[PDB]
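Undergrad: The structure follows.
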Amino acid sequence: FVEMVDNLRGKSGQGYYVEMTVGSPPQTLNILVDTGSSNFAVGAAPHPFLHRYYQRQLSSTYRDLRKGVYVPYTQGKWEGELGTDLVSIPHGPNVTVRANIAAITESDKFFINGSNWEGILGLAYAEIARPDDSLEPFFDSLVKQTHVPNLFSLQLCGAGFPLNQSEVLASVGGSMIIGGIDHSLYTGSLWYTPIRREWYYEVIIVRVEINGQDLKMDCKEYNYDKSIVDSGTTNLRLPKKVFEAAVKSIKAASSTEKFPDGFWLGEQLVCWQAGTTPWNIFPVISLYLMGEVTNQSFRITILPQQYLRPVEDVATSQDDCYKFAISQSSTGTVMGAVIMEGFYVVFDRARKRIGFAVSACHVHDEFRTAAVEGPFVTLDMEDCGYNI
Amino acid sequence: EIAX
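Protein chains in written order, with PDB author numbering: chain A, 60 to 447; chain D, 1 to 4.
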């Protein structure tokens with residue numbers, strides 16, 4: 060398992076990527092890790108934003124399905140050619156497997172400059188694959204073709220201040236452990252919440268509190284229409300009613316200071332003389348998630364450092380500058396990277412639950428700690444889940 | 001950002 064520690068690199072802004080090799084002989088590539096999609100896909104053709112790409116011509120083993128696919132993401136989109144080839148992770152477990160790959164030909168707004176990741180890995184379930192479930196998402200392949208246990212665990216570590224793409228290469232952000240939990244990673248005790256439906260890593264959120272204040276919205280409200288855990292997404296996204304709720308609540312705590320109401324949307328960043336940033340104004344939000352026991356639940360708490368995100372200088376002077384990491388959503392809540400940076404998150408597919416624990420690499424506020432705590436009592440939790 |  061040590062073999063796999065620290066494999067990951069990246070930031071919330073541009074995603075965390077892992078190194079994989081595809082085809083025979085193997086071609087090295089860096090792939091985005093996404094739990095928001097179940098589709099494995101890569102660049103097979105030259106692009107401005109791409110250092111390297113998949114050339115099937117060289118793979119001896121590249122196999123072709125004579126099919127075409129199109130993939131939709133709230134932000135990017137791409138369409139490509141389905142094929143299968145041998146695939147491996149150097150810094151993963153010591154195995155190689157043949158899995159469906161899509162060679163991307165046309166893309167919109169998928170690739171990111173200096174992201175340094177030329178591919179995407181969707182670790183979500185089949186139902187959401189494209190074109191249809193039939194196509195087997197990669198991890199399933201791995202499990203099927205090997206003795207890898209059916210779980211993976213993700214620790215995502217996030218920088219103090221903006222990191223350059225060149226800097227990111229030097230920089231390391233995370234560890235992804237496959238078919239495993241590595242205890243060194245985390246502290247305290249994992250707390251697990253069920254996976255409501257095996258498509259996105261959907262979850263039910265029962266209570267929300269900011270600085271101990273309960274929004275006291277209807278619990279369905281939080282999960283409308285769903286709450287899913289996504290490393291795909293940079294920012295924590297909340298349904299409109301919920302989002303507006305926090306924002307009012309957050310603003311109050313922070314009222315003392317002037318932020319362009321533009322900031323709250325998160326279009327534009329706010330700058331503070333380096334090291335003077337007043338966190339204290341900022342609230343800590345507790346999300347309470349379903350227990351694995353009757354009428355039980357637990358909560359995880361977010362420091363602002365979590366949802367307020369560092370971005371680099373707008374001027375050739377240094378004032379720590381930050382952006383607002385919380386985004387309105389009309390597709391239900393998404394617990395994105397910023398949320399997942401705090402904690403060692405385990406996707407226990409086998410036991411169909413996801414477990415959260417405090418990340419070893421957790422950012423510091425002398426006075427407050429991100430933590431995961433249990434157990435709690437919540438009543439009629441199910442009523443919280445959403446049904447049309 | 002990234003939106004996957």
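C-beta atoms are modelled at their ideal positions from N, C-alpha and C, and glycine is treated no differently.
How is the alpha helix (DSSP H) around A/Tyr281 delimited, first residue to last?
TA: In the first sequence, counting from the first residue as 1, residue 281 of chain A sits at position 222. Note, A/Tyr281: alpha helix (DSSP H), 278 to 281.
Undergrad: At a CB-CB cut-off below 8 angstroms, which residues of chain D make contact with A/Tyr132?
TA: Taking the first residue of the first sequence as position 1, residue 132 of chain A is located at position 73. Those within 8 angstroms of A/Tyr132 in chain D are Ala3.
Undergrad: Flag A/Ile236 as yes if its beta-carbon sits less than 8 angstroms from any beta-carbon of chain D, otherwise no.
TA: Against the first sequence, residue 236 of chain A aligns to sequence position 177. By this cut-off, A/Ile236 is not an interface position.
Undergrad: DSSP puts A/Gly233 in a beta bridge; with which residues?
TA: Looking up residue 233 of chain A in the first sequence gives position 174. Note: A/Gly233 sits in a beta bridge opposite A/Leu67, A/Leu215.
Undergrad: What are the boundary residues of the alpha helix (DSSP H) that includes A/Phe60?
TA: On the first sequence, residue 60 of chain A is found 1 positions in, with the first residue counted as 1. If you look at A/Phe60, you'll find it isn't in any alpha helix (DSSP H); DSSP assigns it neither H nor E.
Undergrad: In whole angstroms, what is the alpha-carbon distance linking A/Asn209 and A/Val373?
TA: Here residue 209 of chain A refers to the residue found at position 150 of the first sequence. Here residue 373 of chain A refers to the residue found at position 314 of the first sequence. Spanning the two alpha carbons is a distance of roughly 45 angstroms.
Undergrad: Can you check which of these residues, A/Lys70, A/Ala429, A/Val265, A/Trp338, is closest to A/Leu222 by C-alpha distance?
TA: Position 163 of the first sequence, counted from the start, is the residue given in the question as residue 222 of chain A. The option with the nearest alpha carbon to A/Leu222 is A/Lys70.
Undergrad: Does the separation of the CB atoms of A/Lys411 and A/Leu328 fall below 8 angstroms?
TA: By one-based count along the first sequence, residue 411 of chain A stands at place 352. By one-based count along the first sequence, residue 328 of chain A stands at place 269. Not closer than 8 angstroms, so no.
Undergrad: Candidates A/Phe99, A/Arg125, A/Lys126: which alpha carbon is nearest A/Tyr113's?
TA: On the first sequence, position 54 is the one that residue 113 of chain A refers to. Nearest option by C-alpha distance: A/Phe99.
Undergrad: Spatial neighbours of A/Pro342 within its chain, please: C-beta separation below 6 angstroms, excluding the five flanking residues on both sides.
TA: Taking the first residue of the first sequence as 1, we reach residue 342 of chain A at position 283. Counting only Cβ-Cβ distances below 6 angstroms, and skipping sequence neighbours, we find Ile269, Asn270, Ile309, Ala312.
Undergrad: Using 8 angstroms as the cut-off, can you tell me whether the segment 363 to 371 of chain A makes contact with the segment 397 to 413 of chain A, which would need three or more C-beta pairs spanning the two stretches below that distance?
TA: yes
Undergrad: Would you mind reading off the limits of the alpha helix (DSSP H) that contains A/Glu400?
TA: Locating residue 400 of chain A in the first sequence gives position 341, where the first residue counts as 1. Counting along the chain, the alpha helix (DSSP H) containing A/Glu400 begins and ends at 396 to 400.
Undergrad: As a quick exercise: from A/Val81, A/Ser290, A/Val422, A/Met440, pick the residue whose alpha carbon is nearest that of A/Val265.
TA: Here residue 265 of chain A is taken as the residue at index 206 of the first sequence, counted from 1. Of the candidates A/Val81, A/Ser290, A/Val422, A/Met440, the one whose C-alpha sits nearest the C-alpha of A/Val265 is A/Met440.
Undergrad: Fully enclosed by the segment 271 to 338 of chain A, which alpha helix (DSSP H) runs are 4 residues long or longer?
TA: 278 to 281, 299 to 312, 320 to 324
Undergrad: In chain D, which residues lie with their C-beta within 7 angstroms of the C-beta of A/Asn354?
TA: Counted from its first residue, the first sequence places residue 354 of chain A at position 295. Those do not exist, as A/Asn354 stays about 35 angstroms from chain D at its closest Cβ, beyond 7 angstroms.
Undergrad: What residue range is occupied by the uninterrupted beta strand (DSSP E) comprising A/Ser147?
TA: For the purposes of this step, residue 147 of chain A is taken as the residue at position 88 of the first sequence. Looking at the DSSP string, the run of the beta strand (DSSP E) that includes A/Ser147 is 136 to 147.
Undergrad: Any beta carbon of chain D sitting closer than 8 angstroms to that of A/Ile160?
TA: As a first step, residue 160 of chain A is located in the first sequence; it is residue number 101 there, counting from the start. Answer no: the Cβ-Cβ gap between A/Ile160 and chain D never drops below 8 angstroms.
Undergrad: In whole angstroms, give me the CA-to-CA distance for A/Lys279 and A/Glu261.
TA: Translated into positions along the first sequence, residue 279 of chain A becomes position 220. Translated into positions along the first sequence, residue 261 of chain A becomes position 202. The alpha-carbon atoms of A/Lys279 and A/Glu261 are separated by roughly 14 angstroms.
Undergrad: Measure the CB-CB distance between A/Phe302 and A/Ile359 and report whether it falls below 8 angstroms.
TA: Counted from its first residue, the first sequence places residue 302 of chain A at position 243. Counted from its first residue, the first sequence places residue 359 of chain A at position 300. Remark: C-beta atoms of A/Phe302 and A/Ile359 do not approach each other more closely than 8 angstroms.
Undergrad: I'd like to know if A/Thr292 contacts chain D, where contact means its C-beta is closer than 8 angstroms to some C-beta of that chain.
TA: Residue mapping note: residue 292 of chain A aligns to position 233 of the first sequence, counting from 1. Answer yes: the Cβ-Cβ gap between A/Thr292 and chain D drops below 8 angstroms somewhere.
Undergrad: Would you identify the three-state DSSP class for A/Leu201, choosing helix, strand or coil?
TA: Taking the first sequence and counting its residues from 1, the one referred to as residue 201 of chain A is at position 142. In the structure shown, A/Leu201 sits in a helix (DSSP, three-state: H, G or I).
Undergrad: With the cut-off set at 8 angstroms, would you say A/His106 and A/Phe198 are in Cβ contact?
TA: If you number the first sequence from 1, residue 106 of chain A lands on position 47. If you number the first sequence from 1, residue 198 of chain A lands on position 139. For A/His106 and A/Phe198, no; Cβs fall outside 8 angstroms.
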